[PDB]
Each structure stands twice: as structure tokens, then as C-alpha cells.
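Starting off, we have a lone chain in the form deposited in one PDB entry, written out as C-alpha cells.
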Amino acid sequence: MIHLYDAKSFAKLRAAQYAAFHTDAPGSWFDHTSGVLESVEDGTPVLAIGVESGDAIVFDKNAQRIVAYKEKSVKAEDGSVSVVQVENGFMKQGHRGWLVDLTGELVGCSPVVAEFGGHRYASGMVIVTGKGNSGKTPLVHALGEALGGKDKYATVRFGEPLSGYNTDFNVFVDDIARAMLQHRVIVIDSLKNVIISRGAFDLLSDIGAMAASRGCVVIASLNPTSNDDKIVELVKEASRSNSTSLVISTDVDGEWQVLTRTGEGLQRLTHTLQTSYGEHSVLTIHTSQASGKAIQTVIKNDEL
């Protein structure tokens, strides 16, 4: 909905957003939204996501797909009303995204999802990319385990010519919806194929907000494979504007750079990671500042 502000209310918002990343306890936001979801009336639609065609499928708090649901409206303080209606397995009325309020009026945050090696990591979407020798697959799995901490991380596999890999986009969005409804740390191996169908386009522009709202982190690998300037720019765009955080390889082997957006209008931070391989290519992340928008695009032409 829309929000109204004056100098005072705005200043409070910024302070709260700042705290959501810098001081709140890592993962507390995720736990809180888990609570909100559990308190739902059962059978109540909570998440809508687009399939290949552009239509949307809906799920309940238990990641179970809803096939039929009679029109129902809800009026917010905004005075605005939201309507949800599912017919024959597809949304007839409503919008893509969370169908239940998880954020209240605390919007524009990058809720801290975890802490590792002395650094705080944001929830939302993290694209792991770059052009070079450093492999993205080992990195996403190492980051998943590290941010998972005490918890296991969920792995969504898509579009790779390996055994057991799903290659159907609609099964893909199904795996993603379930993962965000049930886990704090999610790894998507290969944003390839996607990034174009309406579903792929919707996913690319929806996933970050969905994840940040839940307080979970989606770690997706993306190889700037094709050097075709039409998609090379689609990679730099996805990385630039559709990601909450970015993890890119450097010219030094095993070294990665992490660029993270700490919140609406807040500063973008950066830190470095060193890594090394163990047996069977298992990667380990070793454990022992702002970057202008100009320095940011300097990082972007790396993908070019």
C-alpha cells in the first residue's frame, strides 16, 4: 500500500530500516514472518508466483497449491482493498507476491539473515556471478552452508545437463515457492535459461522482494555465458537492479567480492572473501565499507 510521511515519521522509518540490518539479531525477521504465516486461517492463500505463460499459481502456508478459492476481499488502513480468487488452479483475482502482510509498515529493509566470518549478510536475492575461472556452483553451496549455520540449506536445481536436474520452468517456480515458504537459506543452481517468457521476466523482478519480505536469502548462480551483448546487458541489469546483494569473482583465484544493499536509500557495503578447495571440490570460505555508485558500475563491466 502507500504510506504517508513528514520529517519525523520519515526519520523514524530510516532508523528502523537501519536497525533491521545492522542491529537486529540475525535471522530474527525470518522467525517473525514464520510466526505470521503459521497464524493464517489454513487454506488461506499466502503466496502467488508466475508460471511460464504469465499466469500465476497460488500456495497456502504449507506450500500446498490451491486450486479453487472463492472471491474474498480485505480492506487495509490505506482504504485500499485487495481481492483474491483462484479458479481451476490459477489466480483469477489478486497479484503476484505475498498475499498476506508480513512487513506491516516496516518496508524498504534488507533484514539481516545471518552472520559469518565477522560479516552480516542480508536476506533477499543474492546473485553469484562474474566471468572467470572461479566456479559459481562450489561458491553457492559453501555460502549456503555458512549462512545456514545451525540449519540446513535448501537446494533448488534447474536447467543443467546433469542427472536429476529439472528443466521445466513450471516445476522450477513450484520448488522456489516451497523453498521460500519453508527455509531461511536457499540455493538456486543456475539462473541460466531464465534471464524471454513472461514467467521468467516476472520471476526476475519479483523474487528479490519476495525473499526480503520473508527474511530468507536466495543464493543464485548465474554464468555470463553468452557474450551476446543483448543478454550480457540482461545479466548486468539483473545483477544491478534485481539483486539485494551481489557476489562477484575477481582476477585473483579463489577471491570474491560481496556488495550488499543495506536498505532503502541506505549505503551499499562491500567486503572480500577468500576461499580454497578441499576434497571432491568442496569449497571452504575462510574467516579472519561503502562503495560509490561509480565504483559499482566499474564492477559491472567485469561481466561485460
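Shifts are known only where both forms have a C-alpha. Note that the rigid core is defined as the largest set of C-alphas that superpose within 1.5 Å between two forms. Just count from 1 along the sequence shown to find any residue number.
Colleague: Between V86 and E87, how many residues of the deposited sequence have no coordinates in this entry: none, 1 to 3, 4 to 9, or 10 or more?
Modeller: Nothing is missing.
Colleague: Look up the CA B-factors in the entry and say which stretch, 112-120 or 128-136, has the higher mean.
Modeller: The recorded data point to 128-136.
Colleague: Averaging only over Cα atoms, indicate whether 197-205 or 211-219 has the higher B-factor in the PDB entry.
Modeller: Higher mean C-alpha B-factor in the PDB entry: 197-205.
Colleague: Checking the entry, which one of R261, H32, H271, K236 has the top C-alpha B factor?
Modeller: So the option with the highest C-alpha B-factor is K236.
Colleague: In this PDB entry, which of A56, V40, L47, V252 has the top CA B-factor?
Modeller: Each of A56, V40, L47, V252 was compared by C-alpha B-factor; the highest is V40.
Colleague: Select lowest, middle or highest to describe the third in which the CA B-factor of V67 falls within its chain in this entry.
Modeller: Highest third of the chain for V67's C-alpha B-factor.
Colleague: Please place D78 in the lowest, middle or highest third of its chain by C-alpha B factor as given in the entry.
Modeller: For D78, whose C-alpha B-factor we compare with every modelled residue in the chain, the answer is the highest third.
Colleague: Check where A19 lands among this chain's C-alpha B-factors and tell me if it's the lowest, middle or highest third.
Modeller: Bottom third by C-alpha B-factor.
Colleague: Is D174 in the lowest, middle or highest third of its chain when residues are ranked by C-alpha B-factor?
Modeller: It belongs to the middle third of the chain when residues are ordered by C-alpha B-factor.
Colleague: What third of the chain does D168 rank in for C-alpha temperature factor, lowest, middle or highest?
Modeller: Its C-alpha B-factor, which the entry lists for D168, ranks in the lowest third among residues of this chain.
Same protein, other form: the form deposited in another entry, not shown, and the subject of what follows.
Colleague: Tell me, with the core superposed, which single residue in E233, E115, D101, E160 has its C-alpha moved by at least 2 Å between this form and the one not shown.
Modeller: The listed residue whose C-alpha shifts by at least 2 Å is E233.
Colleague: When the two forms are laid on each other by their rigid core, does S221 show a Cα shift of 2 Å or more between this form and the one not shown?
Modeller: False for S221: its C-alpha shift is below 2 Å.
Colleague: When the two forms are laid on each other by their rigid core, does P138 show a Cα shift of 2 Å or more between this form and the one not shown?
Modeller: No, because once the rigid core is superposed, the C-alpha of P138 moves less than 2 Å between this form and the one not shown.
Colleague: Check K131 against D229 at the C-alpha atoms and report closer or farther in the other form, compared with the shown form; the change is 3 Å or more.
Modeller: Relative to the shown form, the pair is closer.
Colleague: Using the form shown as baseline, tell whether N133 and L162 are closer or farther in Cα-Cα distance in the other form, where the change reaches 3 Å or more.
Modeller: It is closer: the C-alpha separation of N133 and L162 falls by at least 3 Å in the other form.
Colleague: Once the rigid core is overlaid, which residue runs, three or more long, move by 2 Å or more at each CA between this form and the one not shown?
Modeller: Flagged stretches (3+ res, CA at least 2 Å): 132-134, 228-238.
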